[PDB]
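Cβ: placed from backbone, ideal geometry, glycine included. Neighbour counts: every protein chain shown. Derivation of every value follows stated rules applied to the coordinates shown; laboratory data play no part.
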Amino acid sequence: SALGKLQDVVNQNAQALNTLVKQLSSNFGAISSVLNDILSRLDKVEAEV
Amino acid sequence: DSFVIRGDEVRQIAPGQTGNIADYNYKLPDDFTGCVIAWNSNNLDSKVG
């Protein structure tokens, strides 16, 4: 518990990188967050949206 | 461009469309800039038999 100033630098960057990665799985209101769904289920004019 | 159709087929003449007319007869670009203009031609083009 004494090294809080250094351990917090490692923890904050671990949280930042893991949150940036987990956001790949978010839909953002799109039909799916898996791009291969859109690339196989939809025609180009819908897939672009 | 110009051509004859049956009255069902109009919907395939739009930017980046698909189906037998679009894909095997006459294909518009996916980014087509222009106007599509059409009329019933039964009076010009039909004949008995």
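Tabulated values for the structure
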item	result
Under 16 Å from B:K27, Cα to Cα: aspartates and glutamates that are on another chain or at least 8 residues apart	A:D43, B:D1, B:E9
Alpha-carbon radius of gyration plus Dmax, which is the widest Cα pair, for the protein assembly as shown in Å	27.0, 99
A:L20-B:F3 pseudo-label distance in nm [points 7 Å out on the Cα-to-Cβ vector]	5.0 nm
Distance in nm between pseudo-label sites at B:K27 and A:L6 (7 Å out along the Cβ direction from Cα)	6.3 nm
Sites matching chymotrypsin sites (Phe, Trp or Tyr not before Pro) across chain B that sit in DSSP coil, with at most 14 neighbouring C-beta atoms within 10 Å	B:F3, B:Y26, B:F32, B:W39
Theoretical ellipticity at 222 nm over chain B - DSSP helices of four or more residues, -39500 (n - 2.57) apiece, nearest 500	-3000 deg cm²/dmol
